[PDB]
Amino acid sequence: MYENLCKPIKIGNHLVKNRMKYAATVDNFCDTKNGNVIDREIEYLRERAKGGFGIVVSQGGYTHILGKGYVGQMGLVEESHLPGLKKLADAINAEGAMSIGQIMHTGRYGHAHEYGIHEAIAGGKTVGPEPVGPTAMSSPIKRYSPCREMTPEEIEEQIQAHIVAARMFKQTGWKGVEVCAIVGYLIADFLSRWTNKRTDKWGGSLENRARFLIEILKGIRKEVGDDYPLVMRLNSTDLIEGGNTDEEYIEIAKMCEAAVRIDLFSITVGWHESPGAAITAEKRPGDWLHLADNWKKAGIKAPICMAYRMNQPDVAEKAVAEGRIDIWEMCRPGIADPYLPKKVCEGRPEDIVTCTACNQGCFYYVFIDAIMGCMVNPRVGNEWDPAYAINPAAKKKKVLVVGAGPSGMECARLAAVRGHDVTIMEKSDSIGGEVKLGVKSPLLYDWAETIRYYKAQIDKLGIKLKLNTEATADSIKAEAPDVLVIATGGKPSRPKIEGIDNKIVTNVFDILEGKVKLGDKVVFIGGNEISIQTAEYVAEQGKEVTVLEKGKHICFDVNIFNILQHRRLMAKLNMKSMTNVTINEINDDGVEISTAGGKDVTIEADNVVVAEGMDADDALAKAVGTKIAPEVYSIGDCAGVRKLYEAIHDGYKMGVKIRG
Ligand SMILES: CC(C)(COP(=O)(O)OP(=O)(O)OC[C@H]1O[C@@H](n2cnc3c(N)ncnc32)[C@H](O)[C@@H]1OP(=O)(O)O)[C@@H](O)C(=O)NCCC(=O)NCCSC(=O)c1ccc2ccccc2c1
Ligand SMILES: Cc1cc2nc3c(=O)[nH]c(=O)nc-3n(C[C@H](O)[C@H](O)[C@H](O)COP(=O)(O)OP(=O)(O)OC[C@H]3O[C@@H](n4cnc5c(N)ncnc54)[C@H](O)[C@@H]3O)c2cc1C
Ligand SMILES: Cc1cc2nc3c(=O)[nH]c(=O)nc-3n(C[C@H](O)[C@H](O)[C@H](O)COP(=O)(O)O)c2cc1C
Ligand code: SF4
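Per the PDB record, this model was obtained through X-ray crystallography at a reported resolution of 2.20 Å.

The name the PDB entry assigns to the protein chain is NCR, from the organism bacterium enrichment culture clone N47. One UniProt comment on the protein chain, placed under Sequence similarities (unreviewed entry), says "In the N-terminal section; belongs to the NADH:flavin oxidoreductase/NADH oxidase family."

Structure follows, in C-alpha cells:
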C-alpha cells in the first residue's frame, strides 16, 4: 500500500527504516527554570518513536539564554543539561528511530526578559536581556521586541556555542545533529538581507551573510567527525518582501554542501513575520512541492525532506515515488497522531487521526507560553501522566453514550478500546454532531477526516451505533446501562432581541442542515468563530454577507494564528463586517442598528441569522437526573459550552476513567 513511504534510506552512514520523519517541535515540556529535559518531554518523543517514525528530531535547543524564545525551551549550554539529553536519546533509540538533536538560537525572536532574565554575559561583556541580531532593528509585529547588534566577539562565541551544542548531542547518544537555519531565528537573521545590514565580513554579499552558517557547519563537522550524520533546516522561501530570493536559498544550500557533507536538507516555508499563509488550512497537501523540484534540478546532492501542510499519506507517497522528496517530514500530523507511520506501513490509513490545522493546542499554546496540547489528540503532553494511561477494564460494564458528537464518540472509542460493552444513541441520520455541520465551512475541509476516523473506529471496535434514535428517560431505563454518558452538545442561543420571533430570523443549525432557503443578502448577528465560519459557508455560495458584532472585535474567540486566515478569506469572499454596533430591532426588511458614533442605519437582509452564542442542550440531563443509572455523567458542551478541544478532551477523560 505505501511502498515508497515504507522504503528504508541511508542518512550519512545510519540506515533509517522508512521515509517518515517527525520534525522539531518546541512544546514547553522542558523545565522552565533551567532548560532541562524532564519526563513530560521524554514520554512525548518516546511515543512518536514508538509510533514508527524513522527519524525523530528533538525540539530546537537554545545555545545561549538570550536565544531562549519559548518559556520551556530545551537548553544546550551547560554540563547540567547532559543527563536529560542522554535519557531523551535512550528513549528515542530503544524504539528503533534515528534520534536527531536540533540546535536553535531564536535570535531576533528571543524573549529572555519575559523569562525572568534582566542581565547576561555575551561576548565577554554584561548585557541587557534584549534579543540579538546581526543588525539592531525592530519587528513589524508587537510580539517581538527590538533587538541589539551582536559584537564580532558575540558572533564568534555563538559559532563556538553551536559546536558545543553538537558535542553535547553526540556524547549523550544522539544519532545525528540538525542545524536550525530557518524562519527568522539567529542564523536566518544573518542569512537574510532584510535583517542583515552589516558592513563587516558577516554581511553584505550572499557569501558574507552565509559565513555565520558556514562557520557553524565547518565547526560542527570538525567536532563530530566525518562519519557522524549532520543535517540541516533551511528556507526554500522566506515570504518576506525585501528578503532573499528562492534561488539565493539554493545558492546558500550549495555553499553548505561545498563546506561540509550535508546528510539531509529539510526545506521550509516562511518566517513568523511573514504576512502570507504558510501552515494554515489555506495551504493544501502538495502546495509547496515545486520548491523541492527546484532544489533537485539545481543539483543538490543530499536527500531532501519537506513538511508544511503535508498531512496526507497519498500525496507524500506520490511525492517520494516521483523522487520529488526523499523523506516525508511532518510536525502537526505527528502531534495529532504519533502512530501515523505504524498505520501507513500496516496499511490502515482509515485509522489515522488527521491534523485539521486548527493551530490551537500546538502553535497557539506554545506562542502564549503555555504547555503544548492538541485538539484531536488529548494524549499530547500527557503521555508521561498515569491518569491518561489506557488500561483494560477489570470488569466489563454496559456503557450507554447519548450523542454521536466528538465528545460522545471519543468517550465511546476509549471505553470500547478498554473492553466495555458500548452503545451510542444518535438522534440524527449520521454521526459528528456540530463537526458534521462545520465540515461545510471553507476552512474546515479536514473535519471530514475527523468524521472518517470516528466512523471507521465505531465499525472496528464493535460499538453498537443506533442512528435516528433520540434518547429519552424511558429508552435509557429500557437499555438499563451501568454507565450513562450524556453528550447532547449545544444549541443556538435565543437572546432577547426585539423582533427575534420574526420569520426572517434563522440560526446556524438551520443553515448547515439545509432547513432554510437563503436569499441574496444574508446578515449575521454575532462575530464569534461559529458565526464567522457559517457566514464564510454562505458567502462562498456567492451571496452578499454582512457580520454584525456588538463587541469590540469579530473573531474574538479565534486564536492569533487563525485570525489572519479569516481576514484573508473574508476579503477574498467580499464579506462586510461591523463592530461596536447596537442591535435595536429585527424586522421584515432586515436589522436596525446604531453605531458607536451614533449613526442609526438599516442593514438590508433577506435572512437574519441570530448567531450570538450557543447554549448547553441539557434538557435530557435535567429530565433524567443522576439516579436513572448507577453512574450518570454529562460531557462536552451539554455540561457547559466550550469548544472542540474541550469536547474531545472531555470524551477521552471520560472514556479512560470508566471503572471495572
Ligand atoms: C501568530 C503569530 C506568530 C503572532 O501573531 P500575534 O497576534 O501574536 O501578533 P501581535 O501581538 O504582534 O499583533 C500584530 C497584529 O498584526 C497581525 N499579525 C500578526 N502577525 C502577522 C503576520 N505574520 N502577518 C500579518 N499580520 C500579522 C495580528 O492579527 C495583530 O492584529 P491586531 O490585533 O489587529 O493588532 C503570527 O505572526 C503568525 O501567525 N505568523 C505566521 C507564522 C508562519 O507561517 N511561520 C512559518 C511556518 S511555521 C515554521 O516554519 C516554524 C519554525 C520554527 C518554529 C519554532 C517554534 C514554534 C513554531 C515554529 C514554526
Ligand atoms: C459551524 C460550526 C463551526 C465550528 N467551528 C469550530 C472551530 O473552528 N473550533 C472549535 O473549537 N469549535 C468549533 N465549533 C464548535 C464545536 O463543533 C463543538 O464545540 C463540539 O462539536 C461540541 O461537541 P459535543 O460532542 O459536546 O456536541 P455536539 O457536536 O453538538 O454533538 C451532540 C450530538 O448529540 C446528539 N443528540 C442530542 N440530543 C440527543 C438525544 N436526546 N439523543 C440522542 N442524540 C442526541 C446530536 O444529534 C449531536 O450529534 C463549531 C461549531 C459549528 C456548528
Ligand atoms: C508547536 C510547534 C513547535 C515547533 N518547533 C520547532 C522547532 O523547535 N524547530 C524547528 O525547526 N521547527 C519547529 N516547528 C516547525 C515544524 O517543525 C514544521 O516545520 C512546521 O510546523 C510545518 O510542518 P507541518 O505542516 O507538518 O506542521 C514547530 C512547529 C510547531 C507546530
Ligand atoms: S492542535 Fe490542531 S493544528 Fe495542532 S496538531 Fe492538533 S489538530 Fe493539528
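Still more ground to cover, so stick around.
Undergrad: Can you tell me about the site of ligand 2, naming the residues and giving the values?
TA: Near ligand 2, the surroundings consist of 32 residues, among which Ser407, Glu426, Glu434, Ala471 and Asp637 are the closest. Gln533 is positioned such that a nitrogen or oxygen atom in its side chain is 3.1 Å from a nitrogen atom of ligand 2. Here an oxygen atom of ligand 2 and a side-chain polar atom of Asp637 are 2.8 Å apart. Contact with the protein chains removes 95% of the 1,000 Å² of surface that ligand 2 exposes when unbound. Within the residue set of the shell around ligand 2, elements represented by two or more residues are α13 (406–417), α14 (434–438), α18 (529–539) and α21 (644–657). With four residues, α18 is the single largest residue contributor to the shell around ligand 2.

Undergrad: Hey, could you go over the UniProt feature "binding site: FMN" (unreviewed entry) in the protein chain for me, with residue numbers and the actual values?
TA: Under the present numbering, the feature "binding site: FMN" (unreviewed entry) in UniProt falls on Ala24, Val26, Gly60, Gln102, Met104, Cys180, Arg233, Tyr308, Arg309, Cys331 and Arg332. What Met104 contacts, discounting residues up to four positions off in sequence, is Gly60, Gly61, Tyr62, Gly67, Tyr70, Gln73, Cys180 and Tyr185. Within the secondary structure layout, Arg233 lies in strand β11 (residues 230–237). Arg233 sits in the buried class, given a relative accessible area of 5%. For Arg233, the contacting residues outside a window of four places in its chain are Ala23, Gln102, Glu178, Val179, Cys180, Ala181, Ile182, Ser266, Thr268, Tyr308 and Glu329.

About the cut-offs
Residues numbered from 1 in each chain as written, not as in the entry; some residues may be left out. Chains lettered and ligands numbered in written order. Heavy atoms only, no water. Residues with missing side-chain atoms left out of burial classes, pairs and counts. UniProt positions renumbered as here; feature names shortened; annotations may be inferred. Near = heavy atom within 4 Å. Polar contact = N/O pair within 3.5 Å; in protein donor to acceptor, adjacent residues only side chain to side chain. Areas by Shrake-Rupley, 256 points an atom, 1.4 Å probe, with all protein chains shown as cover. Helix = DSSP H or I, 4+ residues; strand = E, 2+ residues; numbered from the N terminus. Contact = heavy atoms within 4.5 Å. Buried < 20%, exposed > 50% of the residue type's maximum accessible area, 1.4 Å probe, protein only.

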